[PDB]
Amino acid sequence: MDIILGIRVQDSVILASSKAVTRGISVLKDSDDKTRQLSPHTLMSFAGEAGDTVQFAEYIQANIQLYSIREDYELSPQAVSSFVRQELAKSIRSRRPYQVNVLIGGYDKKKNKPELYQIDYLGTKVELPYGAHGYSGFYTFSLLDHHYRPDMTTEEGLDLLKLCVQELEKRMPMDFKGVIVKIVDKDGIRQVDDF
Amino acid sequence: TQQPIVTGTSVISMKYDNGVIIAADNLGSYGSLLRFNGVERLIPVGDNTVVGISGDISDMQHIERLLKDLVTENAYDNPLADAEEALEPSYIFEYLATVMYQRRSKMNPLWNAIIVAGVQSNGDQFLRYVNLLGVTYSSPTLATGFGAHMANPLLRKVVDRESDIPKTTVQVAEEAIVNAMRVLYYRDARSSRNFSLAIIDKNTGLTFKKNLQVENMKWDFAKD
Amino acid sequence: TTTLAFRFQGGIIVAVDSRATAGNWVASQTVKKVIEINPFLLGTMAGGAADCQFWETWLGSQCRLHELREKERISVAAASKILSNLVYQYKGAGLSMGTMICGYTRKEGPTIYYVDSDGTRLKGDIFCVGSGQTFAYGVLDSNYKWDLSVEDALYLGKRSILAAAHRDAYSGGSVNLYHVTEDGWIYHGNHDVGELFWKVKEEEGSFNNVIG
Amino acid sequence: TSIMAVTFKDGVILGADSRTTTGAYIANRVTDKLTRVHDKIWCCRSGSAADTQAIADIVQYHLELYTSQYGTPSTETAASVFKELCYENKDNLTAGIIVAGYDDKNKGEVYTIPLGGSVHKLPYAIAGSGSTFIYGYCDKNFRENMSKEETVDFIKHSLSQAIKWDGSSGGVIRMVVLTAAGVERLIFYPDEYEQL
Amino acid sequence: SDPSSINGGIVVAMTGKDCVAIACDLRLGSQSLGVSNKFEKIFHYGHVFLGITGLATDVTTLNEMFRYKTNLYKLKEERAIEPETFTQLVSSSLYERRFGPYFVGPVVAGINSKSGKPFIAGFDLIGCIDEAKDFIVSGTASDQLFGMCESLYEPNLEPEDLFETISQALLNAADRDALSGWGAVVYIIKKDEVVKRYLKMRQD
Amino acid sequence: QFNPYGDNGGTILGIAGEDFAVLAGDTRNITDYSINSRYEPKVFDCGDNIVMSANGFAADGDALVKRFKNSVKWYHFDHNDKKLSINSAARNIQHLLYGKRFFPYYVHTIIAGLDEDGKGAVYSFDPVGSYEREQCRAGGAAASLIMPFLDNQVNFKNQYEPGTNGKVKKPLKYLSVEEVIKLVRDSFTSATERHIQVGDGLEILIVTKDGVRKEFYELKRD
Amino acid sequence: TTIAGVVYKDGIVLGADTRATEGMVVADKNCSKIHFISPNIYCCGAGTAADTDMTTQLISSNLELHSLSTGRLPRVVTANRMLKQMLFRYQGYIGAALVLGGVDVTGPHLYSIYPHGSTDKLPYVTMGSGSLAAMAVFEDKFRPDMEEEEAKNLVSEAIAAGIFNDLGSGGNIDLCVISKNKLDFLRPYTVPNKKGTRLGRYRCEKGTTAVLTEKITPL
Amino acid sequence: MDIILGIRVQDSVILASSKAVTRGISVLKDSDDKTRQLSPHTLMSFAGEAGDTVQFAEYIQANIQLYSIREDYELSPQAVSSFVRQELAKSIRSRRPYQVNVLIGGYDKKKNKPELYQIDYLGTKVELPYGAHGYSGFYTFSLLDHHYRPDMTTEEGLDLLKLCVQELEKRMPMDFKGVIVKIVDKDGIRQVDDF
Amino acid sequence: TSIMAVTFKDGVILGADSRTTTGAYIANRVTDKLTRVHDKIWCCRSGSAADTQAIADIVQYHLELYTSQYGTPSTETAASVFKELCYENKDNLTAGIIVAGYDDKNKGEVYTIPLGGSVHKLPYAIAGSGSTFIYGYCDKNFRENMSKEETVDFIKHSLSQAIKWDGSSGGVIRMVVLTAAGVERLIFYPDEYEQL
């Protein structure tokens, strides 16, 4: 899978993730949602090797949903990210490692803060104001360096994200068929259906 | 996976009217070095079977022990060990064939080509080949490695098909084998003059001949 | 190989070619690339012949055990995932498998899942898999709409395989058609490309690159 | 291959086996590996047959042309021509050549040219795959100023052992005697030398 | 990667009673992709016919080269080249690229205008001549053609008997090869008439 | 490095008649340019009116045939001496072959017999057990020489009726056992003439409701 | 391929099979492998067929020009040298493996020439994939100074060994007998295998093939 | 360079050729004309290895323009294609071959016929009703098989070409930034500026 | 390495050089390659020093435990234990071992175990890199039932030549005499053996 972006604004985290699924010469699908809801206020986007991506995402989802039922409690985004990192850090020295990179965008209901974690397939975790995986960052980080402010609104975050996607549509060779955008805030997770 | 180190060359054999003949030289080569000059590569099993082995000599010695051990094991709780329930050539072969294919299938072969020559209970001639890959075949003449290329052509002129076996006497068959061994000595760089020959006949039994030599050697045309 | 399956107003159409190759050697032109898992489930086969035939037959056994155990027809979503979770276990061992799991159930309506040997499992309305997928995609994508009748949908599927049968060297032989509806699947014949091509050319007035 | 050249009182003797192998197949069992480049300058050939034959033919040509202009060449001169070819074309050749010859002034002389293209003047020389097995024997048994019969026996016993142990060597033992008296060819069959 | 099976295609030639026949498929591809169904592989220089299978750029190049050479031959000799002579010319021309060869499988067919004798021949890519009376085969379905020809063929066939033999040999061989077919052409060649027929075959 | 596979040559041919089936194979066994045996049987009676051949690497072929024959024996023990039908045999063989998916039996397997309606059946397998019921199938070294001829002569491919000129196909009339044996022998004669690994002898096993019969014919020995 | 030669009392007997293969397929069952060098010298050919053909033709052509200039028959040594020096120059890339036999002013001579440029001078030689089968027959039965019909039988017997036992070899047996008084080019000397007889006629009847269009042009 | 198409209709030849020039990760240009006018009624599109493409095209252009001046005559499309094929066929056995594929679309003023030649880098020439190079054909040929007729108008040719480009935009992974279209007819060469 | 074991009238003698090299560097010039596995069963070691030392220690253990239970093992038994280790672990070992021992019943016995893991009972045996150079010498000069002084001289001369020609061999010639009388260790320095 190709482009996955994330941006943490004042009161929310926004994840943008490409719709294209391409095997070889053919674009098999142009409406693929590269994300799973781990808990009501925590969303994980993912990209990497075919099969591994979804298998890993669904496996993490299942474990967080199990924790949620057992304790009747939602884990903090920090806790979910640390769980996910450990799973990847375990994976890298396996017989066959998961080749999956992720962004975990969550709203911590205790601290009343949005949080964005970027974790690669090696288990390299970082908390960021904005993040990307693969080649996306090479184009987008310079934009976000320029335009980002920590006190931005969700609408300003979406405008800044449009500017990122336009730059990717201009300068990247692969047609990634646009992005599905999702907002993670105090009220939960919702999908921006027009982008 | 290994590589063969000390090696034995051609084993040759044929059927005749009453039985089978098998032969093999007494050399254990160490690459180009003609290292060991006293190696027996025909190994009799009972009085009705001779197993001739080419290829890796350490693996041959292992197979030799497996056959020695097979005789011991067959004798256990067997009052007819020297009669109706003695080991048959077909039993000895099938065992070896099972072993050879099992070992190739674990990627750890016994690095040999084997010919089992003998006579069965009912007087039938037994002659069959097996190698490191578990490949098996029978023919009125059989030969391993180099002998397949030079011995078989000569031996097939005596027995070209099944119907020629009853027409072939033990004298004609033994002459052909000894003649083929001479040809191999001229032309195989990893062979020796000294060899062993074994006749397994349905009437006269097992005759094992040691310390034979290639003779009647034409070199006189060299001087010119 | 060319296999296709698409969703429309009146169900699912599934069409496949019938050729098996070992390199440039046409090994057979009377091959079954569709497995009938039950009256409501179909599987298409591309990639390795054995790997498909075997694991899709096995899938059918696992689908049976589900409906014995649960007294209910297995969902297409579940059937497809038995196969996807299986192949994923063998991932990296060199299985070659490009497949489509097509069926109907009251719960999900008509449904198609693409499953392949490197773990990918995708729901969708149109899929083409095989060495001739691109040729099929071309014709199919440009004549498709939900609107389509069952007569036109069956033909478009037939025609999209013919298209690929012609251009792709490894596709051809015959076209096996299937129609899947709420009442189950219905076989719609084996159409030899030998005769179909010349008929389609004459009647449709297409294939003008050809001498005939 | 087992080849050697040995100086003695009256001159020099060259000796060689007769086996040429393609892997384990004996292509030629009656090979003549002692080749004449001049009346009383011969060479023993080891290595690539194509290469040593090509070289020996070129040397024969050079010494024929030398003789036309400057009279009989020395054995040293012959060795120098062999060397020049072997050294300057070392990258494309596989040739191990012993050069042996009889002058009246210098008497018997033996020059060995191994793979590198270096020249080494020696009282005797051994070479070819079978030579490894007889370094011990030859060093212990060689003496200078042996008689013709002693030198024939020294070569016969030596190559007999080389043949016994080396599979690449075999067949007849050919020899070429180089003295003031002329050029004598000798041959010794397996039935003679194997029982030594 | 293998130059002789990128573009694909086949040629077969046969002898009959006072006649020869040469036939070819019409396919040109880039491996799996079919590109042209009008790529003929049989050419003629006077009354001598030359089929060429293999790498299509070399097929074209060699055709142009033998046209060149046979044109100069005719100007100098004041007569058309004969099959026996042309066969030697092809062999020479192929072998002069011994260590950088044309990736082709040529087939000569024709009737010697003076003797009346039917003649066919084949070559490897470096010009060794297969000089057989019965039949010559070439291309990606050469094995298939060898099998068809060996069982269908018999000597001294009349022109229209021979047509049915060569056509069925080509068609059924081509249908067992992924890289051959897409149409076919058969030339029936007699001492002073040539009949060229295009065959109806499956287009997959 | 040790290579566990080899090629023993050989060529086999299955043809399904209306109420019979034949499975033929040459009797020559080879490695490289050498003949190992001029008469090493390759097509086997496995019981229950099923004949089988596993052509290619003879060791893997022998191993597979042996295992299937044993599968027939244990099918009798475990299911009250029930006859193993040809379709059931075929599925059993798929599993035998696929069982070694990641270290295959380097063979092209063909079985022949009668289906449960009494009609002739041939099944054809790849090395990892993909299989299908077929009317006609040649396998091994000279399969490319034989199959086009069988398309032409058995199934009447590219044949049309004289006078109609391509409009009416030659009808698919049924072949007798004598007719099929002529095609088998001539296929092997042609294959022998043009392929170096084919020769010595041809052995044909014929399956009818009355049982399994054998016929043997000489083939050219060079 | 099985090619062989022997030196007999009066001269040289060369022998060859007739199978030309392309991998496992037999392209020609009766091809000529005994080539003409000069009127008194012939050459059996194995290895790469084109190289074998063209190497013999070139040296034959050059020997013809040599022989026209000198006005005397060419020798086997000069044929041997010219082949040898050329093959050596090309370092084995010309895959010609020849048995060269002929009769000179100096008597009969037989050579084996290898692709890399080595030559052996011998009383008997064998080459090709059937060399071991043929050489077995020579080691079994060869003796020096054989009569003509005996030597013919031995070579024929040696080629036969190759034909039957080697898969690369087959078809008929060609001989070439060369002495001072004659040259006998025997093609075929023997036909050890009959062509297989076909039991059915599979030739189609007229009008069976489907034609699209036709064109007739006269000459 | 990526997609080059060609289609010969009743009275003209139409060449469509992608605008993207991509080196590595970045799209360097989105307005590149992958064509040269060889003569007034002969146009050659091209695609292949960077540098080689233009160098070859310009070299061919120079040679045809030289011929035009020397003879005061326009070579037929057939003649120009045969010249180009020979240059490529010479190239393939060079020290360093031209890795360039071409389509030559021309109007033969003598015969009053449009002609389309497809030639690959090996020198493999074919005259076609419609052609493509690289992966384009895999999608487009099946469309053209279906819809093409020899008696089509230039407007029908352009509509059929739009359908080809839409299918390529749907199913190809790389964003080729649209196509420049050019028509070759009796009146010469002109560019369709809106496509 | 140059090693040998030779049977004679009164028993058997083992002989070895003392050089151990790491490439061209002589790591140890006074190596003891004759190692004791039992009172009168010794072995000569060639190949990987780590492997042959590891094997010899394991054999010593097996024969010590054999002796505890079943009394003195035969020389054949010792050779069989060496063989079993070498053959079953052929893929991971580089060991060429000569086994030599004195029974009173069997007298002197010599078993050689080359790389493969095969066993060969012989009157004498030679092994190691330097052995190639003395096949010829040893075959010509060995007799059965030699005296102690003759066998010491046969081994001394043989290894002297092996050392002279093999760079991998050198230093002192150690020997170990095995007879009814007991176990005698002999050493011979360069100044003694080089002048032979």
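To keep things simple, chains are lettered A, B, C, D, E, F, G, H and I as they appear, and every chain counts its residues starting from 1.
As a working rule, a residue touches a chain if its C-beta (ideal position, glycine included) is under 8 Å from a C-beta of that chain, and two chains touch if they have at least 3 such contacts.
Participant: Among the chains, which is located farthest from chain C on the basis of C-alpha centroids?
Facilitator: D
Participant: Tell me which of C-F and C-H has more C-beta pairs in contact.
Facilitator: C-H
Participant: Using only alpha carbons, which chain's centroid is the nearest to the whole structure's centroid?
Facilitator: Going by the distance between chain centres and the overall C-alpha centre, it is F.
Participant: Any idea how many Å lie between the Cα centroids of chain F and chain I?
Facilitator: 61
Participant: Can you check how far apart chain G and chain H are, centre to centre, with Cα atoms defining each centre and the answer in Å?
Facilitator: Each chain's C-alpha centroid was found; their separation is 54 Å.
Participant: Just give me the whole-number Å value for how far the CA centre of chain B lies from that of chain F.
Facilitator: 34
Participant: Using CA atom averages as chain centres, what separation in Å is found between chain E and chain I?
Facilitator: Measuring from centre to centre gives 73 Å for this pair.
Participant: Scan chain B for residues touching two or more other chains and write them down.
Facilitator: 1-2, 33, 149, 152, 186-187, 221
Participant: Quick check on chain D: which residues sit in contact with 2+ other chains?
Facilitator: 25, 30, 164-165
Participant: Can you list every residue of chain E that touches 2 or more other chains, as numbers and ranges?
Facilitator: 33-34, 38, 143, 146, 151-152, 167-168, 171, 175-176, 198, 200-201
Participant: Touching chain A in the complex: which residues of chain C?
Facilitator: Of all residues in chain C, those touching chain A are 84, 88, 91-92, 114, 116, 118-122, 124, 127-128, 133-134, 137.
Participant: Can you name the residues of chain A that touch chain C in the complex?
Facilitator: Result: residues 21, 23, 25-26, 28-29, 32, 49-52, 54-55, 96 of chain A touch chain C.
Participant: For chain B, which residues are in contact with chain I within the complex?
Facilitator: 1-2, 4-6, 28, 30, 33, 35-36, 39, 56-62
Participant: Which of the residues in chain E come into contact with chain C in the complex?
Facilitator: Checking each residue of chain E against chain C gives 5, 8, 26, 29, 31-34, 37-38, 140, 175-179, 183, 198, 200, 202-204.
Participant: Which bits of chain G are touching chain D when the two form their complex?
Facilitator: Those residues of chain G that touch chain D are 84-85, 88, 91, 112, 114, 116-122, 132.
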